[PDB]
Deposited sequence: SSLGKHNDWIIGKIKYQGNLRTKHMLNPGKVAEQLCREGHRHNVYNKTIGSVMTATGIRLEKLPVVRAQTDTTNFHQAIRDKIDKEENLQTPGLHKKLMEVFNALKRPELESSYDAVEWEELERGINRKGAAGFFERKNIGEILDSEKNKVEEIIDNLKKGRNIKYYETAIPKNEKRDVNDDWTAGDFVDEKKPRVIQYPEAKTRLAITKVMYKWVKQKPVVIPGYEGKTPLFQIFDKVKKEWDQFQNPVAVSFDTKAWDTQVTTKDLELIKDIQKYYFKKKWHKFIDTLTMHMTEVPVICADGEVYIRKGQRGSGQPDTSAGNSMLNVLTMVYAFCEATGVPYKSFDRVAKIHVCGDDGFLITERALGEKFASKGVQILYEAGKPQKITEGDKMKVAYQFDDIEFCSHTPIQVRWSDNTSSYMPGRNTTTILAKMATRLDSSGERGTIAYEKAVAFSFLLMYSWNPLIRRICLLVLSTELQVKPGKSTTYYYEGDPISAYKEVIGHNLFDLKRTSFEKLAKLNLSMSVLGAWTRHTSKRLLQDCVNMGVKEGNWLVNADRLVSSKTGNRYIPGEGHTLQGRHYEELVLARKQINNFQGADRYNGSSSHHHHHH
């Protein structure tokens, strides 16, 4: 242990460590499905929880490892790669944010560390001062007590400050106090404002992401999408790895913060981790503010490097033969055929030498999509929808099973909430006929009650109008979804035995059993329902939003500074 990690000796085994030191259902949604004959039980659990013996058997199974041996002075190439992608106009341009801009959109129940009693909301109120001594301690170079609190998956204090199934079985987060300190200074990195990590799709919302990619796709004489699949990336990050990620910070930030960065970095390269007490041999934890922007950056640098090393393309010229898209570790690049195939064979071998071993699954070769909708990217796969205007767009595609399971369920310790849920989902998965109608059908309940804000999106006004504004077309205009792709994603429902032959037509009755009755009814926004009812839906005015009150548009994200 370093001098800086000698503090855990005085605060003090069973861990058997071999390489590191051990010294409830949505009631309305759920009733909707049930009435249709969907077995809620034979749906997957989708917030599973890990026990003490096997949160411990998982930790020695994954985190207990040595810094994977890496190719010599690789980071001198990975930096050379960063030379070709840097934003020179922003060199020494990032500077800490103010308190006002930081509280803007923050989890006020942020994970509490092993030694804190105040979740993020509570420190923000009184102990704001407690945040700036830690920044002063770090901005000039003063060893503080860096510690990460380790917990198992989906537990209560799995609180973030597709993303919540993109997390490992071992959460590793530092103190709320330190989490705030790092962010109040490195927001403009750890939130990518602006996006300096190319292809970083953290900012891109889901309903846009697949239409976006296909537009690049359609520029190649014969395109192809090689996958990034690395095994447990978090543990495959090394001390040499972090210090490059250190230096990419030191480039953009102003001169006054290189001292803040280095002190934090060296603190992060040997982390005493609290659960039982172990020390960690480098690696990334899953509640560090540098997860998304550290991986994503680290990842493209690796991935651009290895593509360039295998195909022979030099680092600077990448930006014109390929198009990268990461989100943490999961990502994909699009290039011409010959290039793709050469990167999938030679890549495997390179990526292993470079400390990021792939999970080859098809003959020592990386997964390669040859048809555009064969991509899979942060838990979703592209599906095409055909519009009544004879144009075609793409939506964020998943298996109906996971969808129904994520929706009909919610962790807790209300029916306005459920109406927001219904919306959010309908934004994304309107392509799924079973979900569009389930969404609509919750949205048809208690028209008096208005949505809540606890969920991702929500709509003020009239939800069908909220949907035309973001997607760009109307729900009534969705005429035929893609036939082959929808079936593949619906096949699991048959396999798990969660629906009946009737279900795809017991639901459609319910909706028509509503939309034939005289009036102006939500369900008649479904083309099939309306044509089988003759009624229609003349929508009013409605807009989608999130948080306390922002605004989500077609390709923008306007907020509200009326009373800033």
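Enquirer: Taking the deposited sequence as numbered from 1, list the residue ranges that were left without C-alpha coordinates.
Expert: Seq positions lacking coordinates: 1-2, 15-17, 29-43, 182-187, 302-304, 443-447, 599-614.
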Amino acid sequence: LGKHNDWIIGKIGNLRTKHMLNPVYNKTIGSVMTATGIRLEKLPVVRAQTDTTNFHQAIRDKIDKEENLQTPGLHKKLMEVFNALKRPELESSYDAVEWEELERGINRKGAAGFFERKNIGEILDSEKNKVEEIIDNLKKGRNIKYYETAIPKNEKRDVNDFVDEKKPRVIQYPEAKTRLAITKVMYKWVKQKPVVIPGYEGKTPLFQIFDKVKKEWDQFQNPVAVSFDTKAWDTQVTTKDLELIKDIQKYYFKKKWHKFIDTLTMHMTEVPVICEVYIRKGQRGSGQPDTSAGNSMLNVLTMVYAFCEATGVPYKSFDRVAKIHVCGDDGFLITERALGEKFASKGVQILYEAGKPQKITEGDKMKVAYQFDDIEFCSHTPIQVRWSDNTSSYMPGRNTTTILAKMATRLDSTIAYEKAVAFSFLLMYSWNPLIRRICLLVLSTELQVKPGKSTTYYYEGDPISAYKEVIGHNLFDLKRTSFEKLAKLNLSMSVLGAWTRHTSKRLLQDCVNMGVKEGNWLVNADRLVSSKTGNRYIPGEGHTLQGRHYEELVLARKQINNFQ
From here on, numbers count along this sequence of modelled residues.
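Enquirer: Output yes if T481 is unmodelled in at least a third of the other compared entries of this protein, no if it is modelled in all of them.
Expert: Per the records, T481 is modelled in all the other entries.
Enquirer: At a threshold of one third of the other compared entries, does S388 come out as unmodelled?
Expert: Across the other compared entries, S388 is absent from none.
Enquirer: Which of the two stretches, 383-391 or 166-174, shows the higher mean Cα temperature factor in the record?
Expert: Higher of the two, by average CA B-factor, is 166-174.
Enquirer: Using only C-alpha atoms and the B-factors in the entry, which stretch averages higher, 324-332 or 255-263?
Expert: The entry gives the higher C-alpha B-factor average to 255-263.
Enquirer: Which listed residue, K367, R436, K109, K231, has the largest C-alpha temperature factor in the record?
Expert: Answer for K367, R436, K109, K231: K109, with the highest C-alpha B-factor.
Enquirer: Which one of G347, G397, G121, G461 shows the top CA temperature factor in the record?
Expert: Of the candidates given, the C-alpha B-factor peaks at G121.
Enquirer: Once the chain's modelled residues are ordered by C-alpha B factor and cut into thirds, is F55 in the lowest, middle or highest one?
Expert: Highest third.
Enquirer: Would the CA B-factor of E518 place it in the lowest, middle or highest third of its chain?
Expert: As the PDB entry reports it, the C-alpha B-factor of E518 lands in the middle third of its chain.
Enquirer: Tell me, lowest, middle or highest third: where does the Cα B factor of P314 rank within its chain?
Expert: Within its chain, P314 is a middle-third residue by C-alpha B-factor, going by the deposited values.
Enquirer: Per the entry's values, where does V185 land by CA temperature factor relative to the rest of its chain, in the lowest, middle or highest third?
Expert: Ranked within chain, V185 CA B lands in the middle tercile.
Enquirer: Per the entry's values, where does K191 land by CA temperature factor relative to the rest of its chain, in the lowest, middle or highest third?
Expert: It falls in the middle third of the chain.
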